[PDB]
Amino acid sequence: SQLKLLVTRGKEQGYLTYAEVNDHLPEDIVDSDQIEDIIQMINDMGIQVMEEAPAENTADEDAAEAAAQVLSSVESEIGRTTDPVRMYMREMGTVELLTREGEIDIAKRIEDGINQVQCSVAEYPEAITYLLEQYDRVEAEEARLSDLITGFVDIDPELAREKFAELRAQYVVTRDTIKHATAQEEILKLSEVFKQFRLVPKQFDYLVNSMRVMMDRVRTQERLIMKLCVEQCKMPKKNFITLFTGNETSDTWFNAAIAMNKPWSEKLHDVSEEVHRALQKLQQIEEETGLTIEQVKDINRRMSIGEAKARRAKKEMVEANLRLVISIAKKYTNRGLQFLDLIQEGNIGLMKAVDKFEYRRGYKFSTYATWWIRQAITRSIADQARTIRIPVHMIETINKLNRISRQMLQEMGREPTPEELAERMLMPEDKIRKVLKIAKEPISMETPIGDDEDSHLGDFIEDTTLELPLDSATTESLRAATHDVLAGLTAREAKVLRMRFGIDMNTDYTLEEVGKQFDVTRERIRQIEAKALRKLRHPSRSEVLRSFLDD
Amino acid sequence: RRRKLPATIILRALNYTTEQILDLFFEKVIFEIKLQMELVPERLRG
Amino acid sequence: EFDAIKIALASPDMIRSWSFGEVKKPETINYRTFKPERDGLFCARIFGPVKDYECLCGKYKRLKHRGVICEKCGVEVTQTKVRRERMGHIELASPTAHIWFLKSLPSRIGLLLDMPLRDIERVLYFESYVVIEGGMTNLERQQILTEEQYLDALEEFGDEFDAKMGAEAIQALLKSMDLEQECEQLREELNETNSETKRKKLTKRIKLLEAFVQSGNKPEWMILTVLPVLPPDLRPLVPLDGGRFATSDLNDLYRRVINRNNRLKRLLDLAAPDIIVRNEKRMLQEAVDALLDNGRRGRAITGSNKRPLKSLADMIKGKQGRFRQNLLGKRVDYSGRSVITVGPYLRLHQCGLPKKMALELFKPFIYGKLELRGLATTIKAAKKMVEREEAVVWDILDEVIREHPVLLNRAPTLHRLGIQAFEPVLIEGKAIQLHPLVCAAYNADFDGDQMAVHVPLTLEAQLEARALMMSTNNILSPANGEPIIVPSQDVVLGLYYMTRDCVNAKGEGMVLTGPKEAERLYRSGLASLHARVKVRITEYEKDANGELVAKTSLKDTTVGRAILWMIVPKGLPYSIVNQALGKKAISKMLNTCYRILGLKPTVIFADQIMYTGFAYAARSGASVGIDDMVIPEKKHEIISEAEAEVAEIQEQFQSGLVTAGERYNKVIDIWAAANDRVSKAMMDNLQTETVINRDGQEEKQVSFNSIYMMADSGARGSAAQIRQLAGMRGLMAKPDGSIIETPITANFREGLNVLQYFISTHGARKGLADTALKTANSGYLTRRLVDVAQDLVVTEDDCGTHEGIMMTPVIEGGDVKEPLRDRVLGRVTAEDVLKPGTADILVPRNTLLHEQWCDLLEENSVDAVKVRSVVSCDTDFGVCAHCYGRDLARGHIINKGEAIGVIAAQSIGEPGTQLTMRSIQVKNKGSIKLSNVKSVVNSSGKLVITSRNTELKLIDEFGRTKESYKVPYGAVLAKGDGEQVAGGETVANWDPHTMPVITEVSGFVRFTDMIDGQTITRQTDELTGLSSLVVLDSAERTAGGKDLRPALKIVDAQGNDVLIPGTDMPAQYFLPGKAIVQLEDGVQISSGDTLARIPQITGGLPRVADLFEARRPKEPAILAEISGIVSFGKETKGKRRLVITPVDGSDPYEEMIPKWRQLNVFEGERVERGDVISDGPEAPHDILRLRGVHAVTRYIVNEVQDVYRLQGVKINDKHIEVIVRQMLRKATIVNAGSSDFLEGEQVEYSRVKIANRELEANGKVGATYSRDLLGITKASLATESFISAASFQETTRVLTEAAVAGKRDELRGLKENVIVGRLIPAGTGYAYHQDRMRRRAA
Ligand SMILES: CCC[C@@H](C)[C@H]1CC[C@H]2[C@@H]3[C@H](O)C[C@@H]4C[C@H](O)CC[C@]4(C)[C@H]3C[C@H](O)[C@]12C
Ligand SMILES: CCC[C@@H](C)[C@H]1CC[C@H]2[C@@H]3[C@H](O)C[C@@H]4C[C@H](O)CC[C@]4(C)[C@H]3C[C@H](O)[C@]12C
Ligand SMILES: [Mg+2]
Ligand SMILES: [Zn+2]
Ligand SMILES: [Zn+2]
């Protein structure tokens, strides 16, 4: 319609004026870039913007028809945006802010989730043996006492050692008392006394990961059995639910299920070996677990639920905190890094805050974050803003000098001198000159340096690693002359010289191997080489080789 | 150099009413009610 | 080595196959040890060593270790130039779409998915979801779902639901697709979808799918998963002086991509909220698209400056890209430039070269020749000897230069004579000396111009310089066979002065024994150079089979002519030097020598002419003074008279008796007449003198005034410039294009006052500003014409065709402006030229018409010869030598391997900065002849024109036309066919207005349906009251009469209705609207009586450009789309309707003739296809369709030669037909026949032509077609090579189209072998390519 009217003239004249296009342009508000998009869309069939009123047609109809169809779509469009920052503001402008009480609920949800996870990992106490072994090795002076554990939930090493002694006593009195009615109570008491301790995040995560590896091994075995008993044998799931579940340890559910007088039971004969190996691995692991796998399964389910609750909790905290970072980031727009990059770097510092924030101390987040965010923006501007990376320390020093220099200029009405800068700062003066040399950003090799031929700066930079052609001809001339002066000699001495220096060969053989082939003991071959040299030395055999002696 | 819009918009943006716009731009022909009109000899040039 | 270049999409496996390692860090080099970092963009363990044969740690430093990987760093020890070839790769964290295949206007991804671009972009930028094989749960594949819709649909659908977002969704769509099944479905649909738009879309899509299937690609390769990384040495980080570094913009883009990819990978492992990961993926997409093609969809990306960064696409495309600049326009060794001086002592094959410039250009030759003679023991010794400039070095240099041509070239190479080969002559100084006779070829003068000199190195290059490019081989213009080595300005003045008589000079009436005695008398002072004497002259003539028979006689001539006769070679006559010998006489003399004697005599003769002219121009002592500019004695009287006349006109205007518009023209004409009078008086007072005498009586003779001598001889200047020197400056113009009424009445011998000078300044600056535009516009046309015609080559000896054009002289109304000789010389006859008596064959056939044959044709006075043309050659992919003609630069039939397209383009283009964008009265005596003439005896027995194509030609006594006048319809001719006429004998007259309506027989007329007040109006003359019934148009007449058609059928006195005399149909002559029926209603009339009386190009270079670009005229003349009887039907329907019901054929053809048009055909008339209905500018496309190919070529050559002829330019018609041959080279198929082509399809004419010829030899039938006419731009666009096309078209469009099609290029054009750096298949390299093709067929 309106666009079609604009096309009408375009073609009728073969050209149009910026004003007429902008006016006929659909009222459809366009965010500049959109207007930019359509201008080329019109340029697709070919048109002259010409801010003023006015050279041949070379446009394929296929391009033309496609541009026409997309042009029609532009009118039917509503809010098409080809700009990432704008899209980001919109997708972010869809989450409400949180009030002061709005972090307490989230924080307690996080604390409850992590407490559930801690108890669930606590229920599986087999790790306690690993913790005890680590403590024993540490007490063997393999590591620091305070590095293994960040204290306990109590403040002195003697108390920690007493608690470790009690833990070991309970472990030994519970492990050796399985014989079952009361063993569960002993295990519960052991877990409860272990709950009073506090572990470093790295060791706790390692224990969790080891447990996950064991559980994934068990799950791999179970799924291998399932695929070897269902896909190959079409074993009804009802049989698996009835037999495998309930015991989960013996071979009765599989080995003794072969006599069920069913086709799948008979077909299990072919795959009995691999499933039997899987059962053997499980029996061992089931013994290693020493706990009903179903109970473990429920432990993992509860842990997953707690982790999901914690993750979605912070999610909302970080959505309001994305609402932020946009402010701090705008403070470094022209610092050598692009805005969306600054914002995304801040979002990571924000995540780091939310996970390390304690509401008990009642800090305004908007303050336990406005730092973590700026630290992450500046760290980035320092580690990936220059093509030639500079250490954070050198960047700090350079910024300090650029400041101390501004003040000295304002109070001296004159740029300071490498000497006065050294005096005002605390640097050996030569260090100042070194830091005042760290070349600024590389120049663009396409920088226009023209007005005659439209030539760029990179066109005038020469290649310095090239051999001149009179040096390649000179080299071949020596490679020949040498053959003459040398050939003008007897065979054995010529080969001695050839081997010693490497003429026509692939190694500068030392005297030992030359003697091996020529049978001798160095001193003679040394003798043969020296005669040759003094010989080729006299005039009448070394005039052209002399010429090759630059002088 | 933006999109053009009708001129009168700006006048309305300057706190002008339609009556004032017409008073500024156009002259006035009066009519009386029988059905008599005042005539100015110069107006009916042709 | 290689014989083709294949192009296709790259699989991720292939991209990993190219790479030597993965780049993982955005690092480039260390900031203190400036060494490459471990896994960065300038690494050494991925891209190779930074020093030849050395590791980076330094353990392995000697070549003896070449080929091992040091374990302290893994840097293979090899050559550092391997760093210029090795690629890396980057593993993207998320698939990314290639911008070229996503945002090319046809949008290959969208075309292949049948999905609009907006949906693809929305899914791409995480705006909405999509369905990838939704399955059997009410889902539709490729269905767009917004986020909330996806959420709510996920509910109650426990199935996977196969929905995704982002470039991975697009990749899944492409991967799950099957092309063969789509082809099957499309065929099934095309079986029963016979609807225009629908079947068109189905055919388009099945074509695209079949092409993609054949290409061998997979669609999922359009989505990037691995990103290649360019070798470091093509994007270097070079250190500069002062510690500064220079870097390529690609390093910034690569660092951006790597930073965002690493951030995305790190952010995926932190399980961040999906908003963050979506934004990171969008950023990664943006960074990759900026790398591949910056600012194609976004706005841009800028570096430290505000300039946009240069991307990979920006390094191939543009006017600076590799596919352009470097590859045909690079810097060259063994070359140098300098300033040019005259050097009048040189021979045409020799140039003066500075000794110092030659000691540098020929340095390696000097080293070699020194070492070969023992002067220097080694090459370093030789380098020091030449450096010291020893004495022996100059002798060795003189030996090296002896026979070794050098190519000289002047700035704008506009034609091939801008590079020529010369033998050097070592000279002192620093300026090149250039033979004067060559200047015209270079368009060079000696006021600061410079020339470049190149030296051929190989043996073949030297031989080509000596045999092809030498200046003594190129003395004829390739545009026209005329010599281009004619003496220019001072030679002309000297030779004109020498051969120039005067009334009474020393030694008049003497009798000499020969030229030698004449020269002996002049140098001894005993005779004047202008002394009418009698001399015994001996002249030889080849009046035999090459015998040179001698004749001695006693000629009457001056001393100077006899002296000049000494340099003329034997075979020429004596009348050539027995005239005043101006500028054109000398060119005629050189042409005669060339055509009679050959090439070597012509070269010797031209040098002798130059020497003699220079000598005697010095001798004359000609000069220019102020008294030489003689102002007329009556100038002021003429000016006063004109001023009085203009004053009288002005005072009358002030009295209101003349309008201002008319008085303006009156004053303009008065001043033009005054200017003409002044010029005539000046030129008559200047061009003659009085001299006394042999006896003592007055006698007039041609003046020896220096200015008139320069102007008359053609040496320099013209009467127009002498007019501004001695007459009046004349009439100026205005910035508006108007002519200022008052002229500048002063000349330059006087002075201009300040006002007149201020007026003159405007014209000067206007001209200065124009010249530049003309230059820029002539370059455009030449580039476009070589792009179209570059690969046309003579590839055969004789195609054996029997068709050709019919050459006859071109006559525009009056005299003939181009005889038959110019148009037919050098061509080959297609048919025997029968003697005008029809007796026997004059030239049998296949005879190259050289000068002797053309003289014979002039003797027999035949003016119609059929000649073979390029545009109608049967050769496939080329042209034969017989259909071309002869070379025009060599003078003989053309040779196989000749780039006739480049020659044609350059010949048309070079003369274009010299082109500026601007009743019958039988004059002679002859027997008038008429053509296509229908007529009937009038009342006085005079003839009446009853034909729309009537032609009158003043056939002369011999039967050769000398005038051709189109005879207006409805007019009467006094004389008749065979009736001899005379001067001013207006053969006929006709109304300058109002097309008359004539009948055929004398009889009464009934105004049937001609009702007054209904169909017509009683407009009887108001004053004379004479019946003037006027037909009323549909709206003009009553609605009832509107349907009624006004008719005036003839009726006999018997009361019967007369039938058109000689026809059964009654003599009804329906009159259209406005028809002036001054005749009374129902009135008897005479035979062919006036039944009624219906009421009544750019120029210059833009005219030529739009003539080759086949542009349709704005008011296209309408023609007879078919032969038959004209008529009409549903009128007023916005456009009147017409029909030509074929006499026997059906389909009367209906047309929407716009009513505002003025038809030329009576509603009842018969016509033939290609007959004017309306009238105006003809359209080339109509002419090709209605009339044959020979009738559109004749139109273009004649239409484009008018622009050139008007300006005095002369170029042969061969060159315009080779361009036209390239315009109509595509054919549209009409009936598929028994061939394998669809009907509505365009194919190469040379392809359909051979497909059915081979089919016809078999037991099948051919496919019919209709030829197409294209402009030089679209015709070019159709090249079958993506390398040649990528040079002068849009590189991005060419490479995306070729990659998806899996195209392959086999180098056989001239532009693709230049880029790849191998012999072009045209000239000396035409034999190489032929043997290559032989071996390949093997
Ligand atoms: C105006 C034309 C552009 C070109 C002539 C100008 C524009 C920017 C200039 C360079 C930059 O300043 C950076 C360096 C500064 C050093 O001091 C001298 C070298 C250095 C490359 C400069 C040389 C030159 O002057 C440049 C290329
Ligand atoms: C008309 C534009 C001026 C241009 C020709 C001048 C202005 C600055 C000059 C360059 C700079 O010095 C930086 C480099 C210094 C190296 O030593 C030699 C190369 C290098 C590019 C110089 C060559 C040349 O001299 C430049 C480009
Ligand atoms: Mg000049
Ligand atoms: Zn190493
Ligand atoms: Zn031919």
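Letters A, B, ... are given to chains in the order of the sequence lines, protein chains preceding strands, and every chain is numbered from 1. What's counted below: heavy atoms across the whole structure, side chains too, no hydrogens, waters or symmetry copies.
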Top contributor to chain A interface from C/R307, C/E286, C/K81, C/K383 [non-hydrogen pairs under 4.5 Å]:
C/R307

Would you call C/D119 and C/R122 a salt bridge, taking side-chain N to carboxylate O under 4.0 Å as the test?
yes

Engaged part of C/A1105 at the chain A interface, taking heavy atoms whose separation is under 4.5 Å
neither

Taking the basic N atoms (NZ, or NE/NH1/NH2) and the acidic carboxylate oxygens, is any pair closer than 4.0 Å for C/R297 and C/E121?
no

Distance-only polar pair, side chains of A/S547 and C/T378, donor-acceptor under 3.5 Å:
yes

Most heavy-atom pairs under 4.5 Å with chain C, out of A/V318, A/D341, A/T447, A/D471, belong to A/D341

With chain C, which of A/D508, A/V544, A/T507, A/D454 has the greatest number of heavy-atom pairs at distances under 4.5 Å?
A/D454

Using a strict cut-off of less than 4.0 Å between a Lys/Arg side-chain nitrogen and an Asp/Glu carboxylate oxygen, indicate whether A/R479 and A/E476 qualify as a salt bridge.
yes

Okay, A/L340 and chain C: the region with an atom under 4.5 Å from a heavy atom over there is both

With the threshold set at 4.0 Å, does a side-chain nitrogen-carboxylate oxygen contact exist between A/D31 and A/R86?
yes

Does C/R66 have more than 12 heavy atoms from other residues, nucleotides or ligands lying within 6.0 Å of its CZ?
no

Turns out that what part of A/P469 lies under 4.5 Å from chain C's heavy atoms comes down to neither

Selection from A/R311, A/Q338, A/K315 maximising heavy-atom pairs under 4.5 Å formed with chain C:
A/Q338

Looking at A/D62 and C/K204, is there a salt bridge between them, counting it only when a charged N and a carboxylate O are closer than 4.0 Å?
yes

Are A/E56 and C/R1111 close enough for a salt bridge, meaning some N to O gap below 4.0 Å?
yes

So what's closer than 4.5 Å to chain C heavy atoms on A/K314: side chain, backbone, both or neither?
neither

Heavy-atom contact with chain A under 4.5 Å, split by part of C/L267
side chain

Tell me, side chain or backbone of A/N506 under 4.5 Å from chain C's heavy atoms, or both, or neither?
backbone

For A/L322, is it the side chain, the backbone, both or neither that has a heavy atom under 4.5 Å from a heavy atom of chain C?
side chain

The interface call for A/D551 against chain C, heavy-atom contacts under 4.5 Å, is backbone

Please flag which part of A/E91 lies under 4.5 Å from any non-hydrogen atom of chain C: side chain, backbone, both or neither.
side chain

Indicate yes or no: does A/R389 engage A/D383 in a salt bridge with an N to O separation below 4.0 Å.
yes

